[PDB]
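Visitor: Have a look at this one.
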Amino acid sequence: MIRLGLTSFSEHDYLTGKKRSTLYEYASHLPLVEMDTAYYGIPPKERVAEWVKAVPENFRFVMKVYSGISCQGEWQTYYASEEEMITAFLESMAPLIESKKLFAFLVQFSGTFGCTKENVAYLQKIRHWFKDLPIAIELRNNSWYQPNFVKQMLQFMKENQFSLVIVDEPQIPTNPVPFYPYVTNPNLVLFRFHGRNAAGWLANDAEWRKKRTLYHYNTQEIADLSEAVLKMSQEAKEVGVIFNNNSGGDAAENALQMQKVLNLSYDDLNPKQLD
Amino acid sequence: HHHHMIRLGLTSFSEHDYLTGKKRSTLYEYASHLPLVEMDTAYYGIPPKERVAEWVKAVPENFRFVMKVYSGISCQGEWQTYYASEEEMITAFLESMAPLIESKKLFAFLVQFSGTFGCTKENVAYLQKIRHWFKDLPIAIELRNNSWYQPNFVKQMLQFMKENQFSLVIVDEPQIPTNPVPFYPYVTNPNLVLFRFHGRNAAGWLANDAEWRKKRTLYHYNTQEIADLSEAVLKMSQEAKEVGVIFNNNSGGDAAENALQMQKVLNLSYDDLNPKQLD
Ligand SMILES: [Cl-]
Ligand SMILES: [Cl-]
């Protein structure tokens, strides 16, 4: 099975018709979402249970971990230890964990997170922090993908059962990772498309925040990306896909375009109308 | 003849429905009530030169801005994210704030550091690096780690600020059992002072609590507390030319009232913008 999803469930009016949509409404169209809620602050267990209750049996969640864990944030800010930060996170996510609706905890690392002895150790630290949970590592630094590291890194990922996210980001003259279809964990793969707005990037441009995921994958690009998704589904059990190119609002459209190209069905929630 | 002057302000201008009446308030509407405001817009991302100019154009001649610097500069963020060098990140920031600087409506660039930013040789170096970056501009430094305020550092530190013309922010935060900074009313820069009242919600603090995000600035100063804070400001205004005060205790919406409550106590006036009955 191949699950196509989007980041955020409320901001996809193409998918649902309404400007702000509910998770229930969302899960009447796709069987997958990424949620970056916890990234900015670990939510209460009760609200995580609201999400679980709002979706089908077949539905899955890509849950982005707290920035304190992926190192953009600081554990010190609200927690007395790195250990207690994880404890807080896992206690918050228990409802999602126990429900079997977790696709994987996404651990997106900064662009500055490069291939060093420390960082490799930290990746092992994360393995230990998330006992036997599905962890998806998104590297955004081509240093890991250099000829002298690639093969040993991929091996590292396999050993630690890490599902290395397959990333399609704009190939800016910095350190963007390549679109490298490869299954590190056969039990689950994760694609993440951020658009290819290479043109539109300027050095020292603050608006790159908005432009970096402003893209409408054309009919050709979707065909090529689909072929990759399909090729990894041969080598993997679960295969997740998250379209993140939504600065223009194109995410939902491009995802359903791929659904057609991959020819996929649905057993989601259902519609109604009253209030 | 210029007299030393006091300004009471708040963080952001829109959500203060108390002193405006409207749920969302404009900067113009805000600037018909108080002479000062802090804006944290740049902290999350450096805005365009154009929008900064709009702010300047929407306020009186004697209105002042406390402009919180980009997170990449105070180190909560990474300069790498959008810039080719620490240097170009500063160029980008100062080109953006060009209108605000040239208007003479800038009170100070606020540089708030993390709680993890304690007293270190490397940290002191970065402060001097900041001094360089901001040439001859007003810089208010807010430290949030008591390591700087220990007996073996505090005095040496205060001199460091004086010598680098830094206006060390007088902080008033919840005195949690962690590394909170004490209320230390002291003028490091006689040309400008800056208070920042974050509240005193020590009770309500839980270790490993994520909701401390909202609880930490959730407080309503009582008349006794306002009087105590007022006396502090009155003391510093005698030693300083310009004194700023930013009420940041607005998780419950109380900042506005507490600020105006202090205004009555300090007994202050205004000749800023003017209200209107149209929209
Ligand atoms: Cl991103
Ligand atoms: Cl704060």
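So the sequences go chain by chain: B and A. The numbering of the first sequence is the deposited numbering, which starts it at 1 and goes up by one. The numbering of the second sequence is the deposited numbering, which starts it at -3 and goes up by one. C-beta: ideal position from N, C-alpha, C; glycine also.
Compute the distance between the beta-carbons of B/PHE191 and B/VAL150, then report whether it is under 8 Å.
Guide: No, the pair does not count as a contact, with Cβ atoms beyond the cut-off.
Visitor: Under 8 Å between the Cβ atoms of B/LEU23 and B/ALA54?
Guide: Yes.
Visitor: Under 7 Å, CB to CB, which of the residues in the region 180 to 202 of chain B have a partner in chain A?
Guide: Listed in sequence order: no entries.
Visitor: Given a cut-off of 8 Å, decide if B/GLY73 and A/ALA206 are closer than it, judged by their beta-carbon atoms.
Guide: No. Outside cutoff.
Visitor: Select from A/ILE135, A/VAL120 and A/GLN257 the residue whose C-alpha is nearest the C-alpha of A/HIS216.
Guide: That would be A/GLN257, whose Cα lies nearest to the Cα of A/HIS216.
Visitor: If we define contact as Cβ-Cβ less than 8 Å, is A/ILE42 a contact residue for chain B?
Guide: Output row for A/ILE42: interface = yes.
Visitor: Can you give me the Cβ contacts of A/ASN197 inside the same chain, cut-off strictly under 7 Å, excluding the 5 residues immediately before and after it?
Guide: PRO170, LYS211, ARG212, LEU214 and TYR215.
Visitor: Let's test the definition: count the other Cβ atoms within 10 Å of the Cβ of A/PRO173 and tell me whether it reaches 16, buried, or not, exposed.
Guide: It is exposed - the Cβ of A/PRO173 has fewer than 16 other Cβ atoms within 10 Å.
Visitor: Please classify B/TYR66 as buried or exposed, where buried requires at least 16 other C-beta atoms within 10 Å of its C-beta.
Guide: When all chains shown are included, B/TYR66 counts as buried.
Visitor: Which residues in chain A have a C-beta closer than 7 Å to the C-beta of B/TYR79? List them in chain order.
Guide: Per Cβ cutoff of 7 Å: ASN204.
Visitor: Classify B/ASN270 as buried or exposed, calling it buried when 16 or more other Cβ atoms lie within 10 Å of its own Cβ.
Guide: Counting Cβ neighbours within 10 Å, B/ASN270 comes out exposed, since fewer than 16 surround it.
Visitor: In this structure, what does DSSP give as the bridge partners for B/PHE243?
Guide: Paired residues: B/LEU6 and B/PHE193.
Visitor: Mind checking if B/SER247 is an interface residue toward chain A, Cβ cutoff 8 Å exclusive?
Guide: Not closer than 8 Å to any Cβ of chain A, the Cβ of B/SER247 fails to qualify, so no.
Visitor: Any heavy atom of ligand 2 within a distance shorter than 7 Å of the CB on A/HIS194?
Guide: For ligand 2, at least one heavy atom lies less than 7 Å from the Cβ of A/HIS194.
Visitor: By DSSP, does A/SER110 sit in helix, in strand, or in coil?
Guide: Here A/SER110 sits in coil by DSSP.
Visitor: My parser needs the alpha helix (DSSP H) runs of 4 or more residues fully inside the region 92 to 137 of chain A; what are they?
Guide: Counting only runs of 4 or more, we get 94 to 99 and 117 to 129.
Visitor: B/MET1 to B/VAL183, Cα distance in whole Å?
Guide: So the alpha carbons of these two residues sit roughly 15 Å apart.
Visitor: How would you call B/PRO176, buried or exposed, if buried means at least 16 neighbouring beta carbons within 10 angstroms?
Guide: B/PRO176 is buried by the Cβ-count criterion.
Visitor: Closest by CA to A/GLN152, which one among A/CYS115, A/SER70 and A/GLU50?
Guide: The residue with the shortest Cα to Cα distance from A/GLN152 is A/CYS115.
Visitor: Given a threshold of 16 other Cβ atoms within 10 Å of its Cβ, counted over all protein chains shown, does B/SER265 qualify as buried or as exposed?
Guide: Exposed: under 16 other Cβ atoms inside 10 Å.
Visitor: Within 10 Å of its beta-carbon, does B/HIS12 have 16 or more other beta-carbons around it, so buried, or fewer, so exposed?
Guide: Looking at its Cβ environment, which holds 16 or more other Cβ atoms inside 10 Å, B/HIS12 is buried.
Visitor: Can you check whether the C-beta of A/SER110 is within less than 8 Å of a C-beta belonging to chain B?
Guide: Yes, because at least one Cβ of chain B sits closer than 8 Å to the Cβ of A/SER110.
Visitor: At a CB-CB cut-off below 8 Å, which residues of chain A make contact with B/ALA88?
Guide: Ordered by position in chain A, the residues that pass the 8 Å Cβ test against B/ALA88 are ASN204 and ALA206.
Visitor: Would you kindly work out how many angstroms separate the C-alpha atoms of B/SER81 and B/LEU164, rounded to a whole number?
Guide: One C-alpha to the other measures close to 27 Å.
Visitor: Which stretch, first to last residue, makes up the beta strand (DSSP E) that contains B/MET63?
Guide: Per DSSP, B/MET63 belongs to the beta strand (DSSP E) from 60 to 64.
Visitor: Does DSSP put B/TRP201 in a helix, in a strand, or in coil?
Guide: Reduced to three states, the DSSP call for B/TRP201 is strand.
Visitor: Taking only three categories from DSSP, how would you classify B/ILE166?
Guide: Here B/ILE166 sits in strand by DSSP.
Visitor: For B/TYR180 and B/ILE166, which I take to be in contact (beta-carbon distance under 8 Å), what is that distance rounded to the nearest angstrom?
Guide: Confirmed, Cβ separation roughly 7 Å.
Visitor: At the level of alpha carbons, what is the spacing between A/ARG60 and B/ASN141?
Guide: Their backbone Cα atoms lie some 42 Å apart in a straight line.
Visitor: Against chain B, with Cβ distances strictly below 8 Å, would A/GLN259 count as a contact?
Guide: For A/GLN259, the answer is no, since every Cβ of chain B falls outside 8 Å of its Cβ.
Visitor: Looking at the unbroken beta strand (DSSP E) that takes in B/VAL33, where does it start and where does it end?
Guide: Per DSSP, B/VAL33 belongs to the beta strand (DSSP E) from 32 to 35.
Visitor: Is DSSP giving A/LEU188 helix, strand or coil here?
Guide: It is coil, neither helix nor strand.
Visitor: So who's on the other strand from B/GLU238, going by DSSP bridges?
Guide: Partner(s): B/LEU188.
Visitor: Can you name, in chain order, every residue of its own chain whose Cβ lies under 8 Å from the Cβ of A/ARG3, other than the five neighbours on each side?
Guide: Only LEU30, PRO31, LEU32, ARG60, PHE103, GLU238, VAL239, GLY240 and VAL241 meet the Cβ criterion.
Visitor: My guess is that B/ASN245 and B/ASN254 are in contact by the Cβ rule of under 8 Å, so how many angstroms apart are they, rounded?
Guide: Sure, about 7 Å apart at Cβ, within 8 Å.
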